[PDB]
Amino acid sequence: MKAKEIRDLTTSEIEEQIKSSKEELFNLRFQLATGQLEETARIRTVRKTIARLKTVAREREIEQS
RNA sequence: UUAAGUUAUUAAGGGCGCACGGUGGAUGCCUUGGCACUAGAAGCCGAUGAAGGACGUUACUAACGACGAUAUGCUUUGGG
Ligand SMILES: [Mg+2]
């Protein structure tokens, strides 16, 4: 998810997405550990989305302050 | 045939020359790194946690660089 889409999401929506993304990443890590994951690129894609989600959240908090 | 006299051939190995190999890394050529300077710029950083490190971060990671649990990067504004 690109920053623009994240920016549309409400603060709560971002927080929910952060939780959802982290669970997905965890699942991928366990799948890779068990050798069940072929689409390894997904892991990184999820990671960068979480980073983006956190960035937008931080930007909002700084704007508030 | 006998007597007297004389002189070879031997090369186990060695010597000299030559030829053909091996070893070794000199030499020549070369440059990625140095050396000495010139001109302009700049001449501090740190409790708002430094310098320097440690430990981590990648699909698979021993090492180096980069990065810091947003980790082999994130956003944005310009370039391309
Ligand atoms: Mg651009």
Side-chain angles (χ1 to χ4, degrees):
Chain A
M1 182 166 46
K2 291 306 301 176
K4 177 180 57 61
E5 289 73 358
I6 303 174
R7 282 178 181 116
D8 283 57
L9 303 180
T10 75
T11 305
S12 180
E13 281 280 2
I14 297 178
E15 294 175 2
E16 296 292 355
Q17 190 56 60
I18 291 174
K19 297 169 51 59
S20 66
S21 300
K22 284 183 179 299
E23 177 173 359
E24 180 183 0
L25 182 60
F26 174 88
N27 291 306
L28 289 170
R29 292 188 184 295
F30 269 43
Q31 289 172 61
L32 187 69
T34 52
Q36 299 179 298
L37 179 63
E38 316 307 300
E39 301 179 1
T40 56
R42 297 176 56 187
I43 290 181
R44 181 179 180 292
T45 303
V46 178
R47 298 177 74 239
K48 297 307 157 295
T49 299
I50 299 175
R52 278 180 288 249
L53 286 160
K54 288 171 168 290
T55 298
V56 172
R58 184 58 192 175
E59 285 174 359
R60 293 181 181 184
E61 299 171 4
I62 299 172
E63 179 181 0
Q64 295 163 6
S65 305

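Here is the naming used below: chain letters follow the sequence lines, and residue numbers restart at 1 for every chain. Hydrogens, waters and symmetry mates play no part in the numbers below; they use all other heavy atoms, side chains included.
Taken together, B/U6 and B/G34 do not constitute a Watson-Crick or G-U wobble pair, since the relevant N/O distances do not both lie under 3.5 Å. Pairing check for B/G33 against B/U7: the Watson-Crick or wobble criterion is not satisfied at the 3.5 Å limit. A Watson-Crick or G-U wobble pair joins B/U72 and B/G65, with the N1-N3 or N1-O2 distance and the second distance both under 3.5 Å.
In this structure, B/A69 is classed as syn because its glycosidic torsion stays within 90° of zero. Look at B/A50: its glycosidic torsion is beyond 90° from 0, and that puts it in the anti range.
Base stacking of B/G40 on B/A41: present (ring centres under 5.5 Å, plane angle under 30°). Neighbouring nucleotides B/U57 and B/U58 do not stack on each other, since their six-membered rings fail either the 5.5 Å centre distance or the 30° plane angle limit. Judged by ring centres under 5.5 angstrom and plane angles under 30°, B/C60 does not stack onto its neighbour B/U61. Adjacent nucleotides B/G34 and B/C35 have six-membered base rings whose centres lie under 5.5 Å apart with planes inclined under 30°, meeting the stacking criterion.
Using atom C1' as the reference point in both B/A69 and B/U58, the two lie 14 Å apart (nearest Å). Rounded to whole Å, the separation between the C1' atoms of B/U70 and B/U57 comes to 12 Å. On the P atoms, B/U72 is 16 Å away from B/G56, given to the nearest whole Å. With both ends at atom P, the span from B/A54 to B/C64 equals 9 Å, rounded to whole Å. As rounded to the nearest Å, B/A71 and B/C67 have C1' atoms that lie 6 Å from one another. Taking atom P on both B/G33 and B/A51, the two are 27 Å apart, rounded to the nearest angstrom. B/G22 sits 23 Å from B/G14 when the P atoms are compared, rounded to a whole Å.
Sugar pucker of B/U38: north, as indicated by a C1'-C2'-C3'-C4' torsion of positive sign. Nucleotide B/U58 shows a negative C1'-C2'-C3'-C4' value and thus a south, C2'-endo-like sugar. Evaluation of the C1'-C2'-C3'-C4' torsion of B/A69 gives a negative value and hence a south sugar. South is the pucker assigned to the sugar of B/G25, its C1'-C2'-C3'-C4' torsion being negative. When the pucker is read from the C1'-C2'-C3'-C4' torsion, the sugar belonging to B/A11 turns out south, on the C2'-endo side.
Looking at heavy atoms from C-beta onward, A/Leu9 lies out of side-chain contact with A/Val56 at the 4.5 angstrom threshold. A/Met1 has its side chain within reach of A/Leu53: a pair of non-hydrogen atoms, C-beta onward, lies under 4.5 Å apart.
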| query | In B/S/- notation, 5' to 3', how is nucleotides 70-80 of chain B contacted by protein heavy atoms closer than 4.0 Å? | reply | BBSSBSS----

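The number of heavy atoms from other shown groups lying within 6.0 Å of CD (A/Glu23) does not exceed 12. Other residues, nucleotides and ligands contribute over 12 non-hydrogen atoms within 6.0 Å of the CD atom of A/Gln36.
A/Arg60 contributes a side-chain N or O that, together with a main-chain N or O of A/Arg7, makes up a donor-acceptor pair within less than 3.5 Å.
No donor-acceptor contact under 3.5 angstrom links the side chains of A/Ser12 and A/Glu15, judged on distance only.
When Watson-Crick and G-U wobble pairs are counted only if both distances are under 3.5 Å, B/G68 pairs with B/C55. The nucleotide B/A42 finds no pairing partner, because no Watson-Crick or G-U wobble arrangement with both distances shorter than 3.5 Å includes it.
For A/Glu61 and A/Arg58, the salt-bridge test passes: some basic side-chain N is under 4.0 Å from an acidic carboxylate O.
Note that CG of A/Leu32 is 4.5 Å distant from CD1 of A/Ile43, once rounded to the nearest 0.5 Å.
Atom-to-atom, CD1 of A/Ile43 to P of B/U61 comes out at 12 Å; the value is rounded to the nearest Å.
Sorted by first and then second residue, the pairs that involve residues 32-44 of chain A and meet salt bridge (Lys or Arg N to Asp or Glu O under 4.0 Å), not counting sequence neighbours, are A/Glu24-A/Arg42.
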